[PDB]
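Scroll down for the structure; my scribbles are underneath it.
Ligands are counted one by one from 1 in listed order, and the atoms in each one are counted from 1 as well. Each residue takes its place number in the sequence, starting with 1.
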Amino acid sequence: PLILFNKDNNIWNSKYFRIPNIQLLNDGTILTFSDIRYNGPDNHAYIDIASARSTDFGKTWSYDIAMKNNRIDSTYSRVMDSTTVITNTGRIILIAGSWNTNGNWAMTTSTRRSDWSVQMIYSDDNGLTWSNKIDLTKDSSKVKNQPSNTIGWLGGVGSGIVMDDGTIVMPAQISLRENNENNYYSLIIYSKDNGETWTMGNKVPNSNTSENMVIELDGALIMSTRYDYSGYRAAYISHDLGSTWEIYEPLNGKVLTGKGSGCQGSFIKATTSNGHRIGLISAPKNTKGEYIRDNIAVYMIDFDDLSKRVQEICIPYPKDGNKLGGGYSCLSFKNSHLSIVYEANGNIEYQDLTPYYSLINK
Ligand SMILES: CC(=O)N[C@@H]1[C@@H](O)[C@H](O[C@@H]2O[C@H](CO)[C@H](O)[C@H](O)[C@H]2O)[C@@H](CO)O[C@H]1O
């Protein structure tokens with residue numbers, strides 16, 4: 001499989017790459033992103049976000065640095081953990097978390113992480129160039145309904161979606177100070193003005209939920225989320241654009257994630273030729289446990305045939321992940337094609353999985 005980002009051979013001399021992202025464009029252009037982890041695999045390090053772009057259905061690629069850290073600290077400055085979406089105008093939005101100090105975003109501080117923010121760039125040229133960074137949290141002009149007890153938040157890590165009427169929804173995660181503890185929860189944010197401003201939904205029902213993606217289904221949002229230490233991906237449904245949540249039984253508990261901490265995964269909607277809406281999820285089986293995150297697999301559910309059990313479609317990365325940082329992945333579906341990007345021993349690899357879609361599409 002093609003090595004999209006190569007720790008061993010890359011224009012930045014980066015030691016390591018993590019947290020890949022993909023969007024298949026309407027015109028067959030492929031756009032991908034990744035954390036450039038200059039010094040190695042650690043989260044709390046010097047990081048920028050790369051793009052790789054391909055006009056030849058992924059034979060060859062053009063690479064750029066799509067977002068730079070705030071350059072304040074040469075050890076700890078980082079923008080990372082990309083969430084993306086393509087608007088109905090075809091604008092491409094990337095939202096990242098920004099820090100410059102040591103220590104986990106959610107758990108290190110008991111008040112608002114002083115160096116923390118959420119930075120956003122957008123592209124109006126099919127991803128050839130990006131705007132300047134736009135700071136979503138410096139003031140209260142850009143995001144409404146942000147809780148006073150916020151420690152930090154960032155996107156869900158993967159892709160957002162667009163509702164019928166053109167509202168953009170991005171998956172998100174937040175850390176909140178609640179009775180002398182820090183608790184993290186998944187939620188969504190939405191923009192009704194092509195990404196210029198945003199409203200924050202409210203948190204899902206269980207804490208310990210973080211990275212996630214939502215699909216739209218007949219006006220509902222359905223979320224598949226990392227639920228740390230539970231051993232599975234949680235799932236919830238919202239009928240009011242993310243103000244309230246209930247447990248979504250068809251998917252809740254259905255994808256197992258093995259012992260230890262959870263792992264990022266992706267969750268996207270496809271409509272097959274027979275009219276059925278299907279969901280596809282990517283995540284490691286993690287049979288070896290903890291951060292090994294072996295066997296990044298693709299699973300499928302049919303929303304129009306709920307009694308049929310979730311099925312493993314294929315295992316694009318049938319290998320143990322690197323314990324220092326692996327397992328993450330991202331699907332993208334557009335115009336009857338299906339691609340995936342994913343971590344593989346410090347590299348990002350890329351595959352076209354369209355043949356698997358054909359098998360499903362029958
Ligand atoms: C459990 C342990 O011995 N050390 C942990 C960290 O590994 C863990 O952090 C996670 O580490 C993985 C490594 O593959 C990856 O870097 C994750 O992004 C990161 O969150 C942390 C969990 O809070 O606990 C430390 O003690």
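Closest to atom 7 (O) of ligand 1 among all protein heavy atoms lies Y291 CE1, 3.8 Å.
Side-chain atoms of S186 and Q173 form no donor-acceptor pair, as typed in the model, at a separation below 3.5 Å. For the 3.5 Å distance criterion, the side chains of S282 and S266 qualify, holding a donor opposite an acceptor.
A donor-acceptor pair under 3.5 Å links the side-chain atoms of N182 to the main chain of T109, judged by distance alone. Between the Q351 side chain and the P316 main chain, a donor and an acceptor come within less than 3.5 Å of each other. In this structure, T271 contributes its side chain and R277 its backbone to no donor-acceptor pair below 3.5 Å.
For atom 26 (O) of ligand 1, the protein comes within 4.0 Å by no heavy atom at all. Per-atom contact check: atom 18 (O) of ligand 1 touches the protein, criterion being a heavy-atom distance below 4.0 Å. Checking atom 5 (C) of ligand 1 against the protein gives no heavy-atom contact under 4.0 Å. Under the 4.0 angstrom criterion, atom 2 (C) of ligand 1 counts as lacking any protein heavy-atom contact.
Remark: ligand 1 atoms within the under-4.0 Å shell around heavy atoms of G325 are 14 (O). In summary, the atoms of ligand 1 found under 4.0 Å from a heavy atom of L324, numbered by their order in the structure, are 13 (C), 14 (O).
Considering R293, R18, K323 only, the shortest heavy-atom separation from atom 13 (C) of ligand 1 involves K323.
Relative ring orientation between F5 and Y63 is described as perpendicular, the plane-to-plane angle rising above 60° on a 0-90° scale split at 30° and 60°. Aromatic ring pairs are classed by plane angle as parallel below 30°, tilted from 30° to 60° and perpendicular above 60°; the pair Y232 and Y227 is perpendicular.
Under a 4.0 angstrom heavy-atom cut-off, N43 registers as being in contact with ligand 1.
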